Structures are given as C-alpha cells and as structure tokens.
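Q: Before I ask anything, here's the sequence and the deposited coordinates:
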Amino acid sequence: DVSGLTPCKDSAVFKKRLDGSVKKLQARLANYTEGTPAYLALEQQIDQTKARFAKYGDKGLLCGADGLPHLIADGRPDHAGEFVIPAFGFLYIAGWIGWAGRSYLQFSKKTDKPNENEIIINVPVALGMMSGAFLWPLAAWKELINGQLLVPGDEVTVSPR
Amino acid sequence: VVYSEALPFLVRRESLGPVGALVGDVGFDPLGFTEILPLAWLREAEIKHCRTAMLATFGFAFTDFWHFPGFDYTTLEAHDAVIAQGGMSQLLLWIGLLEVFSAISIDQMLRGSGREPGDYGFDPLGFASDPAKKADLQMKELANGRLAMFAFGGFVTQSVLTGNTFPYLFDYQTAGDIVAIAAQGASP
Amino acid sequence: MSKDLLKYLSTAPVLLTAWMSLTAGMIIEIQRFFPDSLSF
Amino acid sequence: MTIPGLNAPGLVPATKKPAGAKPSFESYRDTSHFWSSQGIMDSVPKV
Amino acid sequence: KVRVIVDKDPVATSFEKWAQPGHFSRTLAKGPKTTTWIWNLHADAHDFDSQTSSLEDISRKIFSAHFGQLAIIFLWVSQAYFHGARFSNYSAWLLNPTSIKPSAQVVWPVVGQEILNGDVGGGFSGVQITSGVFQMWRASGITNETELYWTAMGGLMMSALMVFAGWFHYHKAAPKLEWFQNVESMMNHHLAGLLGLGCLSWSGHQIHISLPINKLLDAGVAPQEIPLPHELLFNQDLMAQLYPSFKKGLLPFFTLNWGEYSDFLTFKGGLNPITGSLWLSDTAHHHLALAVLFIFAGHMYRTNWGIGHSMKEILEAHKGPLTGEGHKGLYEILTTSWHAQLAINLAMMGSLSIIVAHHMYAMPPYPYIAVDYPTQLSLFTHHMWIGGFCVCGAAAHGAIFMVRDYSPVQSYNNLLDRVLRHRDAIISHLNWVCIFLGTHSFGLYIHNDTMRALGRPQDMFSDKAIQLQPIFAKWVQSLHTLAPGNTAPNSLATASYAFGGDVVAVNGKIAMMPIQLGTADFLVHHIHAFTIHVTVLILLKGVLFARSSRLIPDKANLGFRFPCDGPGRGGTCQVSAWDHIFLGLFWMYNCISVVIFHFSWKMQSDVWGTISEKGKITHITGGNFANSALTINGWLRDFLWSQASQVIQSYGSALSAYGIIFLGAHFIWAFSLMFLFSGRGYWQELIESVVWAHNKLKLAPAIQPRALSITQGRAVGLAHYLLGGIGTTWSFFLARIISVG
Amino acid sequence: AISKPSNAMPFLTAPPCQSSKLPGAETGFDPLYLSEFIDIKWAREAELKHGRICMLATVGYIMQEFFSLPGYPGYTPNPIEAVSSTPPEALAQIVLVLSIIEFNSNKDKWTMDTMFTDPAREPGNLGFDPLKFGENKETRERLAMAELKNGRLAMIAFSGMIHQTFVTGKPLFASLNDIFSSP
Ligand code: CLA
Ligand code: CLA
Ligand code: CLA
Ligand code: CLA
Ligand SMILES: CC1=C(C#C/C(C)=C/C=C/C(C)=C/C=C/C=C(C)/C=C/C=C(C)/C=C/[C@@]23O[C@]2(C)C[C@@H](O)CC3(C)C)C(C)(C)C[C@H](O)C1
Ligand SMILES: CC1=C(C#C/C(C)=C/C=C/C(C)=C/C=C/C=C(C)/C=C/C=C(C)/C=C/[C@@]23O[C@]2(C)C[C@@H](O)CC3(C)C)C(C)(C)C[C@H](O)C1
Ligand code: SF4
C-alpha cells in the first residue's frame, strides 16, 4: 500500500508467523494430558493467538517484509485509527487530568490551610472537580477569554536575569 | 471482695464491669478476654454468634427432613452442591450487605454513638416492647443462643461421625438397647 | 471510620495508591475484554 | 422452572438411609475441604 | 531484683495522629512548606531517639516495632507455605524430585504474560522457584498439601497474634526501662529458652517425624502410603521396626546408656547417597547437642538468685597494660544505648548470613537441593548480599552511637577512648594494607592480561608459567580429608566433600565434588581480601572520624548525616559518617559481586555438571575457570559474555521475564548515575524554571517544590545503583542457571 | 440509646440528609453516609436524573421486545444484541441530541461549585413543566415524592431487566414466561 508495506491479511510472512506461533504452542501442548487445567489454558491461549492474528488481518494493518504490523503515522485518514483517534483520546484524558489538578489547586489556594490541604486532599470537592473537568476544553477557553488562566508575568517570580 | 458467681474461687476481674450491666453476668470469664477486647465488641459478637447458631441448628434439623424441589441434596453436601449451583453466592452477597451495615453500627457503637451491644432495633411483632419484659427476653435470647451453639456443634459433628439423618446417633444407640441391665460384651 | 480515619484515608499517599489501583485495574480489565488492540 | 408451590410441591421430603455403621475416619477426612489434598484444591472460589 | 514492671494504658488508641502526618517530630508536626518536608517525614520516621528523649519510650517503640516486624515475617512464612499448598506442583516434585522443576507461582493470562507459566514438569505450568522451600518441606517431612495449608493458616494466626502483641505492649501495657535493661536475664532466656528449647523441639520433631518419613521415601514408599506423622509420633512399634533402638524406650536416655540410640543419632558425616544431602539422623544429633549446649550456656548470668555472672564485673576485670582501664564502661554503654547494640547485632547477623552461604553449598542440608543448581546459587548469593548489607548497617549504627550516645565522662581511658586516640594510626595502616593488597592482587590479573596480549604465556602468573599455589589452603584441605580417621575417629566421612573424597552424584547430575585450589583461586581469594579490607577502611574511618577530624574539629556538632561544612578548607564534602557508609555500600557491593561471580564460575566449571555411568565427568562450562580466570579478559569473555547468552536469548521463552528484568535493572543502574554524579543546585534552578512555567498558569503548588537534599540525592543514587546492579546479577544468574542446569 | 437515629435504621445515627428539607428527607437511609461527603443538592440532582433516565429506559426495554418501528433496520427483541444490530448513526444522533439537551439545560452549571450557586436553583428543577403541574402547590409534594420513588424503583428495575437478559440471552417477557412455564 504505502512505504512498500503490504496488508497483513495478504502477507505470506505474517501467515508464517501465525503458523509458527501455533506450532510452538501445539509442541508445548504435548506435556499436558487432555482435560487438565493446563491443557484447557493452552487451548484458550492458542485460540487467543489465532483471534489476535485474524483481528490484525481484518483491521487493515500493513505488514512489512519482517511480517509484523507497521503503523502509518502520517495523517492519512485510511490509517486514522493507528494514531489520530488514540491521540485525540489521550489528549482529552490528559486535559481532564490537568484541569482537575489545576481547579483543585485554585480551590485549595483560597483555603485557610493550603499547605495542609495539599497533603490531605478534601475528597468531597476533589471528586467534584474531577467530575467537572469532563468539560475542560470549554472551561479552559472560558478562563482564557476572561483572562484568569495565564497570570501576567509581571506577577511571577523571576531570577535576576 | 466480689467473687465471680460462676467461679466462686476467682475474684471478679474488673473489665467485666459493674456486676450486672449485662444480662447474664454470672462473672464467667476465667481467661480474662475482657482485658484484651472491649466488652461491647465481645457482646455484639456474642449475640451475633447466638443468632447465627440458632438459625443454623434449626436449618440443619429442618433440611434433614424437608428440602425444596430444586435442591435434592442432603444436609452435608448441600454446601458444596449449592455453591456449584450458585445459591450460596446469593446468601453471601445479601448477608454481606447486611453485615456491612452491621459493621458500620459496631463502629459507631464503639466510637460512642449510644447503641447497645446487639440492639439493632428489630422488633416488628412488638415482643419486648414493654421495658419490664425486655431484660428477661434478652436473658432468654442469650440462654437459648448459647445453648444453640453447642446444639449446632453437636449436630454437625455427630452427623458426620455417624452418617445418620436426624438424631445423629449411632446405629447401636438407635436400634439396640441404651437402657439395658443384662451384662454387656465387648461391642455395643 | 471516625473523621480522623477518613482524614487519614484522604491523605496524599493513600489516595495515590487507591486511585492508581483503580486506574491499573481499569486498564487491565480493558485489556482482558478488548485484548491485543494495536489499532483503533 | 419449578416455582416452589405454584407448579410443584412446596417442601419436599428428603431422601434418607435407615441407620448405618459409623463411617471410618479416613472416609470423610480424605474428602473434607481442610484435611484432604483434593478437598483443599476444590475449596477455592469460582467465576 | 529482676522483675516485671510495666505501665498501664500509656498511649491511647486513636486515628488523630494517623491524620496528622508529621506528628512524630517537632519540626515536621508544623506542616509542609516545601517538598523536602515530605521526604523528611519518611527519613525521620523510625528515628525514635530524635523524636523523644526518653530511653523508656524509645525502648517501648522499638519493642512494638519488633512485634510488627515479626507479624510481617509470619505473613511471609505463610505466603511460602500457602503458595506451596495451592499454586504449586509439590506433590509431583515429591514423587519425582530430580526431573520436576520446583514451581510455586502462577501468572494469570492478561497481556501475554501467560507464557511465563513455563513447562515445570508434573503436568503443571508455572514460574519455576529457586528458594529451596520444596527441599525444606521434604526435609521437614511434609508429604501432603493439607499440611501446607494448615501451617499457612497457623502462620496467619501467629501474624495476627503478633500484631495484637505489638498493639498491646505499646497501648495497654508498656514495659519500663528497668524491665528493658535486664540484659542478664535476657541473655539467659535467649540462650536456654529461645535457642536451647528451639533446638530441643526441632530435634524432637526430626527424631519423631522427619527420620521415618524421609527414610521411607528414600526406601521407595510413595507419599500416599507413608504413615501419617500423628501415627508415627506414638506408634512405638513402627518406630522400632524402622529404627530398632526405639524399642528400648527412654530408659537408655535416663540411664547413661546413650550408645543404644546410635541408629537414629549418628556422626556419619558426608552426604546421603540417595538424596545427595546431609544425613537427617546427623542433623537430629546436631540439634540435640546444640540444645544441650545452649541450655548449659544460658545458666551463666545473674538473676533474682545469688548464682550467676555479672557482665559488668566480667568486663571490668579485663584490663591490660596496653589498654588502660580496659573494658570499663562498655556494660553501661551497651545498657544505655540501643545503637551500639544494633551495631554489634547487625555485624554478627551479617557475618552469620555469609557463613550460612558458605556452609550450605558445601554441605547441602536438604534432600535433592545439591542437584537443584538454581537453588544453591540463589541461596548462596542471597545470603552473601544480606550479609554485606547487615555489615554496613552495623558500621552505620556504630557511627550513630559515636555521634549521639558517646560521652568521655563515661568512656574515659577505656578501649573506646584508646581507639579514638590512635584512629590515625589505625586508618593509615589499613590504607597501606589496602594499597598493597589491591596492587598485588589486581596487578597480577593485569600482568596476566598484558603478557597474554603480548603473546607471552611463559611469563604469566598461571599454573604452568609462574605458579602461586595456595599451599596453606591445600594443607588445610588435606587435613580435613584425613580427619575422619585420625582426628575425628568416630566420624565415618569427611564433613564436606569439597575438601576431598568421593564424587557424590544423584542420577546423572553431581551433588558435591572436591574443589581444587590453584593459582586462579589464590588470585581471586586475595582479591576478596582486598575488597573486604577497603570496605573495612571506609566504614571504620567513618565510625572513628564521626566525632571530629583534623579537617573539622567539631564534626559531632553538625550531626550524624549532614551534607557538608561548606566549600571551605578546599572542600569538606562527604565528611559525615553517613557519607562514609554511602561510599562503603558501593564497596561491599563490589566485594559481594566479585564473591558471587567467583562462586558461580567455580561451581559451574569445577563442581556442577553431570557424571555418566562409566564416570565421564562433564562440567557445565568445562573446567575453563582454572585457565581463563587468570585474566580480566577471560573473566569478561568466558563468564560474562559466555553466560549472558541464556539471558539475552530468553525472549519468547519462560525466562523472558528474566530478560526483561535484566534490561530493567541495567536501566536503573544507569539511572542511579544521575543522582550520584549530579548536584542539587542545578536541579533547584531547573525546578525554578518549571515553577515559573507553572506560576505563569496559576497552578504553582502551595507546597513549593524543591530539589532533593544533598544527602537524599546521595541516598537515592546509592539505592538505585544497588537495585540495578543486584537485579542485573539476579536476572543473569537465575536465567543462566535455570537454562543450563 | 442513639440520641438522633436514622429513621430508616434506628440502629444507626442520623445522617445529614435526614435533617434536610429535600423531598424524601424523612427517611434517613444512608448507611455509608455519602450525604456528608457529597453535596446533598448535587446528589439529589443526580438521583432524579438517573431515575428519569431509567424510568424511560424500563418502558423502552419492556416495549422493545414486543413492538418495533415499522421496518427499522437491525431490530432484535433482545435489546442488548439490538444495540449492536441497529445502525450506529441512530445511537450517535441520540447521544448528540442528549448532549445538546444537557449542555443547554446546565449551561455554566456542569460542576459542584458552578451549579447551585444561585439560591433559587432547586435539585432536579430544570424548568421542565409544560403542563404546569407544579403551579398547584397542594400536589407538588406528592408528585415530588412520587418522582423520587418511581425513579428509584426504575433504576432498580432497569438493572433487573438488563442483567436478566444477560443471564438468559432471551428478552424480558420471554425469559419471564420461561420462568413461569411448565416444569
Ligand atoms: C496538578 C497537576 C499538574 C499540572 C496541571 C501540570 C502542568 C504542567 N507541568 Mg507538571 N508536574 C506535576 C503536576 C502537574 N503539572 C507534578 C506533580 C510534578 C512532579 C513530578 C510535575 C513536574 C513537572 C515537570 C518537571 C515539568 C512539568 C511541566 C508541566 C507543563 C507541561 C505539561 C506536562 O508535560 O506535564 C508533565 C507531567 C508530569 C511530568 C507528571 C504529572 C504527574 C501526574 C500524572 C499529574 C498530577 C495530578 C494530580 C495528582 C491531580 C490532583 C487533583 C485531584 C485532587 C482533584 C505544565 C505547566 C513541564 C514544563 O515546565 O513545561 C513547560 C516540565 O518540565 N511538570
Ligand atoms: C521436646 C522434644 C521432644 C518431645 C516433645 C518428645 C516426645 C516424645 N518422645 Mg521423645 N525424644 C526427644 C525429644 C522429644 N520427645 C529427643 C531429643 C530424643 C533423643 C534422646 C527422644 C527420644 C525418644 C525415644 C527413644 C522415644 C521417645 C518417645 C517420646 C514420647 C514420650 C511420651 C511421654 O514421655 O509422655 C509424657 C507424659 C506425660 C508428661 C503425662 C501427661 C500425658 C498426657 C495427658 C497424654 C496426652 C496424649 C495425647 C494428647 C493424645 C494421644 C492419643 C492417641 C490415640 C493418638 C513422645 C512422643 C517414645 C515414643 O513414643 O517414641 C515413638 C520413645 O520411645 N523420645
Ligand atoms: C536490624 C536492622 C536495622 C534497624 C533496626 C535499623 C534502624 C534504623 N536505621 Mg538502619 N540500616 C540497616 C539496618 C537497620 N537499621 C542496614 C542494613 C543499613 C545499611 C544499608 C542501614 C543503614 C542506615 C543508615 C545509613 C541510617 C540508618 C538509620 C536508621 C534509623 C532510621 C531509619 C528510618 O527511619 O528509615 C525509614 C525507612 C525508609 C526511609 C525506607 C527505606 C527504603 C530503602 C532505601 C529502599 C527499599 C527498596 C526495596 C527493598 C526494593 C524496591 C523494589 C522496586 C522494584 C520498587 C533506625 C534507627 C538512620 C539514622 O539512624 O539516622 C540518624 C540513618 O541515617 N540505617
Ligand atoms: C576501577 C576503578 C577504581 C579504581 C582503580 C580504584 C582505586 C582505588 N580505590 Mg576505589 N573507588 C571506585 C573505583 C575504583 N577505585 C569507585 C567507583 C568508588 C566510588 C564508590 C571508589 C571509592 C573509593 C574509596 C572511598 C576508597 C577507594 C580506595 C581506593 C584505592 C584502593 C587501594 C589500591 O588498591 O590502590 C592500588 C591501585 C590499584 C588497584 C589500581 C591498579 C594498580 C596497578 C598495579 C597499575 C600500576 C600502574 C603503574 C605503576 C603506573 C602508571 C604507568 C605509567 C602510565 C606511568 C585506590 C586508589 C580506598 C583507599 O583509599 O585505599 C587506600 C578508599 O578509601 N575507592
Ligand atoms: C440474623 C443475623 C444474621 C444472619 C443470618 C443468616 C445466616 C441468614 C440466613 C438466611 C437464609 C439461609 C436464607 C435463605 C433464603 C433462600 C431463598 C430466598 C431461596 C431462593 C431460591 C430460588 C429463587 C430458587 C431456587 C431454585 O430451585 C428453584 C426453585 C428452581 C430450580 O430450577 C433451581 C433454582 C436454584 C433456581 C447476620 C446478618 C449474619 C448477623 C446479625 O447480627 C443477625
Ligand atoms: C427504598 C425505596 C424504594 C425501593 C425499592 C426497591 C423495591 C428496591 C429493590 C431492589 C432490588 C430488587 C435489588 C436487587 C438486587 C439484585 C442483585 C444484586 C442480584 C445479583 C445477582 C447475581 C450476582 C447473580 C449471579 C448468578 O447468576 C449468575 C451470574 C450465574 C449463576 O451460576 C450463579 C448466580 C445465580 C449467583 C422505592 C419504593 C422504589 C422508593 C422509595 O422512595 C425508596
Ligand atoms: S557540592 Fe555538596 S559536598 Fe560539595 S561543597 Fe557543595 S554542598 Fe558541599
């Protein structure tokens, strides 16, 4: 398709890797007798291996000459699921985390004992901040527009140049 | 000098409290567990064990005779059979909800809420509503439950030892003569 | 579960361990139910 | 299914053996959950 | 009199001081103002003498902490027994010990880790263990899983009892300092009561449960048919059938016809040919004799009754011309200061761990443990590391005593004063010894490398060019070999086959073999001595120069651990005894690493291996130690490079976990170098830049972040360095030995 | 001898919710005392939201087994399977509409601190009352208590239907018939 790689479903090296893993598992299967927990666990494991390989074949992943999936991170929407959608998911989650932390810090700084609140978390309001950080992109934008996000630098400690 | 009314050769301990704060105080505590553990906790455990032993011995005796159509197991194998079926999981779940609430009550009682040792307030039918009968009924509850612990222990142990259904008595006790007077031999 | 023990459970390390425990369990259960997800 | 009382009896009489000799100690100790190897291996949770 | 005297309800039971984090110290109780507060809360957690001045309170805290630790240890014994009960193949191994790989751990299938449940024989998939617990249980006589389950439950009960005891002895009835300072009665009860009765009880257990079960197992009776221990305990007819002397009862004991018990109480020596381990009758006689010895020793010190010794008088009576007042004041020092006792006890514990490591491999005590090559290597290496760590802890707490609890009014003109008054001579002479020993021992290796690279084997310090034979070690080995006839006539075999004698072998694998000593052994032994001497130099200098030095006359005022005393005097860096320990830990690490490398290579090349029916002795590496251990190039090639194959090629196999841990320990060892080489000033400035970045966004924390203190940075670097190195060696040894042996 | 016990449980102390003016406050059912930690107004808002959602959901669950939209793609009486069977765009549009509704109804009030800042804001009173049942103040207490109780019963009931269909693999009343069938 791209970069000289081929789809994993039509990849002879990918099929041989699957066959080799299957043969390895079946070879180690000889030690255990039929019906034992170890035998059934190995049967489950080989089923899982075959299911994994079939899923990679169906998903449209590209396999190189080495016969392993290669993720194309260039922004093409054919391979969006490789990076772009996981990237958006992580960015949303990390924003949630940082907004919860920042908002709880803003609450705690106004508390009578912020130093002790830093260690001992006020859990009832911490849960509220964590829940309310779900809408961080609009909340952060609102704080940006109102000017309550970036303190003016004329108000931050700075070392003698 | 106050001597324990159950063991008159031992002095009362001290941690047992005033003589009679607890119904049944016959001063029976030779090993002095009240020094290590608090009396309220010990008494909550006592009443829990009493009630559970009562229900257990009655259930054992009942299951020896009658069972529901689905459960076709004897009393001994009922535990394994209904774990395999899944009913004992349901009992554990619901009794665990009840026991979490109970544990919250024990925590509050020990920290000083005011709740008595085992007073859950369960009194729908109105037994013991009159304060005059309440102490007597507490003493009767304790007596019956403390008997029921030994009852259930004997039930289970004799049941497994003999293999007989209700009486938990050996075949010679049930069939032969346990009130004989003619000279016996080597075996029953 | 007095207010002091609730405060102790609210302390920073206990809360860190509890939350990271829940997070790791969440990740591991997502792995069990949707295993081998080298894609979306 | 068998609703107890509606489409089936309620309490059903149990099956019982009419007396018997004492089972040997090793007969039930070897099957007990705590003093048997197989009993210990079977005395585990399930899911 | 020696008496029980305790205060009742000294401390209330409440979670308020759980909530208050830094309550224990006056400075920490204020609350945080910087992140260094958080670190100091952990650093000063168990520094009881800094928290409270009362020696009584310190002793009570220590006593209950000991109880908590014993609870943890009982939970650990419980985990071992319970995992053997449930998640193991102990029955299969008991049936077929030689072929079955012992395993008592199972991973769950989640993210592909299920391969780590490798083929361990016995129809069981799991992680192979190397702790020797299977052999321990076989020696103890455990033949079923119900026994393992029930002893695990007993261990849990004991752990609960220990937690209860720790709570009770601090919150309800705490002893007094008068009770704690009864050292004479403590020694009496620990000798006769703990050690003596422990040995007596274990001897009884062996004689009654271990000898019959193990003898039947060696005969061939499968574990199912073995009579149970309760049957064996009282069935005297069966015990007479097995050991005929039992039919005579205890009359041959009460009368002094102890020779009648010769069958089950022996001085055979050597190793049992069947199991390739020590005779259990020999072990029973051993423990009985030790029980008698300890009970005899425990009746020495004075108590409520007139008989007994006073350690004060014994010490005060020992004073010589070259020692002045002698041992005067040491009784009071060791009765008043916990740190001095901790120092002595840690030193002896560490030396005992090392002696254990040396003894177990040469005299395999448990059945089928000698053939279990991973077990021997793992136990030896582990006990060596624990011993080194304990020795450095001993040095650290000696330094702590010197800084805090030392006093000239007490220790005037005694041995401590006289040692401090010529510490300079001591350290200078040890410095010369270290230079001489290191120069010779390492320059012999370097010479060998130089001549080999110059193509001059005839100029080597080899076994055939210039021999450095350990004549004295060879003489001692010969004496031990000839001992069973001349100097130990009642012994029927040598104490250990390492000195000499026959080649003990179980199945094809070799249990024990005579270990030859040549030029390579001479060189590596002198290397060991050099490393030990440098470690002693660092630690002894730290202990002696904790009070003061020519550089800092008032070093005691600064404290035990402090960063420095400024850049003055050209630099006063790491002057503290704490920093001396920090440097000595690197050196004991090097010492133990070289010791375990010597052990691994020597046992793989000269002892471990296989012997065929004719007697073709084939070793794991092939005897390459005697000719390749003469050069550092040979050490790098034939030991590290040669044996790293089984680690690096472990991916895709059950040892792939060892491969991952190999890499991770490498990573942590390298990560440590950041802390070890870098300094707080740079890190604080970097944190200032990051704090500006946070303050620009209105989220700079109330607890201001700070770079770690200097002592903390040194500690973190040392901890990461030790973890990385030890984990690297751990993964390497385990992967190599499990793959090849 | 508890001075102020919970009404629901006389053996437990009164939670903060019991001494409150919310509808259903005269029950005191809070063994875990989550009203002390959680703001009671926020908790009641969430309670009513979940109850409303689930008392829509129970009716949807029972009636999806019997009735279908005429010729709707991917119908299955088992709603669990029917979710996957049905077009994803239908559920996407439904979720988008509900997101719009929630956003517009809770504009600038999505958090514990942000919401209930205004004193007039009542828990669950999102202004939705076209028919104006609340203007008749006599029946307002009845309707509020009824909403609360029916929402609670519906949360429980929807859990029941969902997990019963998980157990059996058949829809709700099919499984009910199989239970109440011949031995
Ligand atoms: C409260 C959360 C919080 C927030 C909002 C930020 C924000 C920031 N940090 Mg980070 N930081 C945090 C905690 C946080 N930090 C902590 C605890 C540490 C100590 C380990 C650091 C150490 C640190 C360094 C050394 C640097 C940053 C940098 C940055 C910036 C880039 C984002 C980034 O790469 O993060 C990196 C994130 C980390 C290294 C780890 C974060 C730790 C956890 C996962 C998050 C903490 C959440 C907290 C527990 C929430 C409690 C709330 C709850 C009670 C409701 C940005 C200003 C960089 C910068 O200056 O860029 C301009 C930078 O160089 N941070
Ligand atoms: C602490 C260690 C220890 C212990 C506990 C024992 C225990 C025992 N040894 Mg000894 N033994 C030991 C060390 C020990 N030994 C050592 C070091 C040696 C080497 C010198 C020997 C050498 C030796 C020999 C050669 C023999 C024993 C034997 C015995 C038994 C003696 C019985 C007796 O004297 O009752 C003492 C009785 C009392 C103090 C009176 C109280 C009685 C109580 C109430 C009875 C309780 C019974 C019990 C709970 C229930 C059993 C029921 C049954 C149906 C199962 C007993 C099993 C004999 C034996 O049986 O060998 C198999 C035997 O021949 N031992
Ligand atoms: C009998 C054993 C023993 C005892 C009772 C003590 C007791 C004490 N030591 Mg210690 N010590 C010991 C052994 C012992 N030591 C050993 C073997 C060493 C040599 C390394 C030391 C070296 C040492 C020093 C140098 C100092 C002490 C100090 C102290 C005191 C305070 C310690 C504290 O609060 O730590 C609280 C506990 C911690 C801070 C946690 C430590 C965590 C370590 C570093 C890492 C653990 C890694 C883990 C095992 C593996 C991680 C795996 C990874 C994959 C996650 C206290 C009196 C201090 C003192 O007296 O100051 C005045 C002090 O400066 N000790
Ligand atoms: C390979 C690395 C290395 C080396 C070579 C040394 C060397 C030394 N350390 Mg160690 N040390 C190391 C790593 C090393 N250390 C590390 C990483 C640390 C940090 C934890 C320390 C921390 C440390 C401390 C704190 C102490 C030592 C001590 C010593 C000395 C031991 C005496 C000795 O045997 O000297 C002899 C020299 C050698 C063994 C090197 C090889 C010598 C051969 C014969 C070559 C000769 C060459 C020729 C004559 C000259 C050059 C030829 C030509 C170019 C002119 C010595 C200077 C102790 C000391 O002072 O001892 C008295 C001491 O107290 N070290
Ligand atoms: C009181 C007390 C306590 C207690 C207690 C105890 C021990 C209480 C015990 C209560 C007990 C033992 C209660 C059993 C109920 C059984 C039921 C409802 C059975 C349902 C059965 C059903 C629904 C069905 C059965 C089936 O066979 C049917 C009919 C058809 C077949 O096709 C198969 C199936 C399986 C489907 C505390 C909390 C410990 C402490 C406190 O201090 C005091
Ligand atoms: C109090 C109140 C109200 C109320 C109320 C009411 C009626 C509440 C009712 C709650 C109710 C009815 C709650 C049921 C829970 C059931 C559970 C958790 C079952 C688990 C079942 C499980 C985990 C089953 C598991 C298994 O099947 C598996 C998977 C396979 C089998 O091999 C084994 C078994 C069988 C074990 C009002 C009146 C509505 C309003 C008022 O204002 C306030
Ligand atoms: S770097 Fe550390 S040791 Fe060196 S002068 Fe500065 S503070 Fe002292």
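A: Perfect, thanks for sending it. Numbering: from 1, shown residues only, chains lettered A, B, ... in the order given. Ligands and ions are numbered 1, 2, ... in the order given.
Q: so where do the helices sit in the stretch 101-250 of chain E?
A: Assigned by DSSP state H, counting those that start in this stretch, the helices in the stretch 101-250 of chain E fall at E:133-140, E:145-171, E:177-180, E:183-188, E:197-205, E:211-219, E:229-234, E:236-242.
Q: and the shortest one, what does it pack onto?
A: The criterion is 3 or more Cβ pairs under 8 Å, 6 or more residues apart in numbering or on different chains; DSSP states H and E, and the helices and strands that helix E:177-180 contacts are helix E:55-85. C-beta coordinates here come from the backbone N, C-alpha and C atoms, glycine included.
Q: neighbouring contacts of the longest helix belonging to chain C?
A: In chain C, with assignment by DSSP state H, the single longest helix is helix C:12-33. Identification of contacts with helix C:12-33 by Cβ atoms under 8 Å, 6 or more residues apart in numbering or on different chains yields A:118, A:119, A:120, A:121, A:123, C:8, C:9, E:110, E:111.
Q: Only alpha carbons, please: show it as PDB.
A: The C-alpha coordinates for helix C:12-33 follow below in PDB (Å, rounded to 0.1, in the frame of the first residue of the first chain):
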ATOM      1  CA  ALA C  12      -2.000  12.000  49.800                       C
ATOM      2  CA  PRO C  13      -0.200   8.600  49.600                       C
ATOM      3  CA  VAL C  14      -3.300   6.500  50.500                       C
ATOM      4  CA  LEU C  15      -5.300   8.400  47.800                       C
ATOM      5  CA  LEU C  16      -2.500   8.000  45.300                       C
ATOM      6  CA  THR C  17      -2.400   4.200  45.800                       C
ATOM      7  CA  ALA C  18      -6.100   3.900  45.800                       C
ATOM      8  CA  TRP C  19      -6.600   5.900  42.500                       C
ATOM      9  CA  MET C  20      -3.700   4.200  40.800                       C
ATOM     10  CA  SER C  21      -5.000   0.900  41.900                       C
ATOM     11  CA  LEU C  22      -8.400   1.700  40.300                       C
ATOM     12  CA  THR C  23      -6.600   3.000  37.200                       C
ATOM     13  CA  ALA C  24      -4.500  -0.100  36.800                       C
ATOM     14  CA  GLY C  25      -7.500  -2.300  37.300                       C
ATOM     15  CA  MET C  26      -9.400  -0.400  34.700                       C
ATOM     16  CA  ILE C  27      -6.600  -0.700  32.200                       C
ATOM     17  CA  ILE C  28      -6.200  -4.400  32.900                       C
ATOM     18  CA  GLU C  29      -9.900  -5.200  32.600                       C
ATOM     19  CA  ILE C  30     -10.000  -3.200  29.400                       C
ATOM     20  CA  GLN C  31      -7.100  -5.500  28.300                       C
ATOM     21  CA  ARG C  32      -9.000  -8.600  29.300                       C
ATOM     22  CA  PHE C  33     -12.200  -7.600  27.500                       C
END
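Q: Would you enumerate the residues in contact with whatever residue of chain B ends up closest to chain E?
A: Distances between chain B and chain E by Cβ to the nearest Cβ are smallest at residue B:36, namely 7.1 Å. Listed by Cβ under 8 Å, 6+ apart, the contact set of residue B:36 reads E:164, E:168, E:172.
Q: Equivalent analysis for residue B:149, please.
A: B:49, B:50, B:53 are the contacts of residue B:149 under Cβ under 8 Å, 6+ apart.
Q: Thought residue A:123 was touching residue F:38, still the case?
A: No - the criterion here is Cβ atoms under 8 Å, and residue F:38 misses it with residue A:123 at 10.2 Å.
Q: Would you pull up the residue in chain A closest to ligand 6?
A: residue A:40 (18.9 Å; Cβ to the nearest ligand atom).
Q: measure that residue to residue A:71 for me?
A: Taking Cβ to Cβ, to the nearest Å as the measure, residue A:40 falls 34 Å from residue A:71.
Q: what do you get for residue B:6?
A: On the measure of Cβ to Cβ, residue B:6 and residue A:71 end up 79 Å apart.
Q: now residue B:4
A: Residue B:4 is 80 Å from residue A:71, by Cβ to Cβ.
Q: For ligand 7, give me its nearest residue in chain F.
A: residue F:113 (45.6 Å).
Q: Looks like that residue contacts residue A:107 (just checking).
A: Yes - between residue F:113 and residue A:107 there is a contact under Cβ under 8 Å: 7.5 Å.
Q: what's the single longest helix in chain B?
A: Longest helix in chain B, counting by DSSP H: helix B:131-162.
Q: And that helix, what's buried?
A: B:138, B:141-142, B:145, B:148-149, B:151-152, B:155-156, B:159-160, B:162 (16 or more other Cβ atoms under 10 Å in any protein chain shown).
Q: Can you give me the neighbour number for residue F:5?
A: For residue F:5, the count of nearby residues is 19 (other Cβ atoms under 10 Å in any protein chain shown).
Q: Same check on the one 4 residues further on?
A: For residue F:9, the tally of surrounding residues (other Cβ under 10 Å) stands at 21.
Q: Phi and psi next, for it.
A: Main-chain torsions, residue F:9, degrees, to the nearest 10: phi -120, psi 100.
Q: does the residue nearest to it when sequence neighbours are not counted count as helix, strand or coil?
A: Leaving aside its sequence neighbours, residue F:9 sits nearest to residue F:31 (Cβ to Cβ, 6 or more residues apart in numbering or on different chains; 6.8 Å). Three-state assignment for residue F:31 (DSSP: H, G, I helix; E, B strand; the rest coil): coil.
Q: Quickly note the distance from residue F:31 to residue B:178.
A: 53 Å.
Q: again, but for residue B:105
A: In terms of Cβ to Cβ, residue B:105 sits 47 Å off from residue B:178.
Q: higher neighbour count, these two?
A: Each of residue B:105 and residue B:178 has its neighbours counted (other Cβ under 10 Å); residue B:105 has more, 23 against 11.
Q: Pretty sure that one sits against residue B:115.
A: Yes - using Cβ under 8 Å, residue B:105 is in contact with residue B:115, at 6.0 Å.
Q: what is in contact with these two at once?
A: residue F:11.
Q: And for the residue nearest to residue E:592 when sequence neighbours are not counted, the neighbour number?
A: Leaving out its chain neighbours, the residue that sits closest to residue E:592 by Cβ to Cβ, 6+ apart is residue E:388, at 4.5 Å. Per other Cβ under 10 Å, the neighbour tally for residue E:388 reads 25.
Q: which SS state does residue 9 fall under?
A: Since you didn't name a chain, this refers to chain A. Relying on three-state DSSP, one would call residue A:9 coil.
Q: hm, I was asking about chain D
A: Of the three states, residue D:9 takes coil under three-state DSSP.
Q: Tell me which residues touch it, please.
A: Contacts for residue D:9 (Cβ under 8 Å, 6+ apart) come out as residue B:69.
Q: now swap in residue E:263 and tell me
A: E:243, E:244, E:245, E:281.
Q: Grab the nearest non-local neighbour of the residue positioned nearest the centre of chain F.
A: When Cα atoms, centre = their mean is applied to chain F, the residue found nearest the centroid is residue F:51 (1.3 Å). Distance criterion Cβ to Cβ, 6+ apart; nearest residue to residue F:51, sequence neighbours excluded, is residue F:151 at 1.6 Å.
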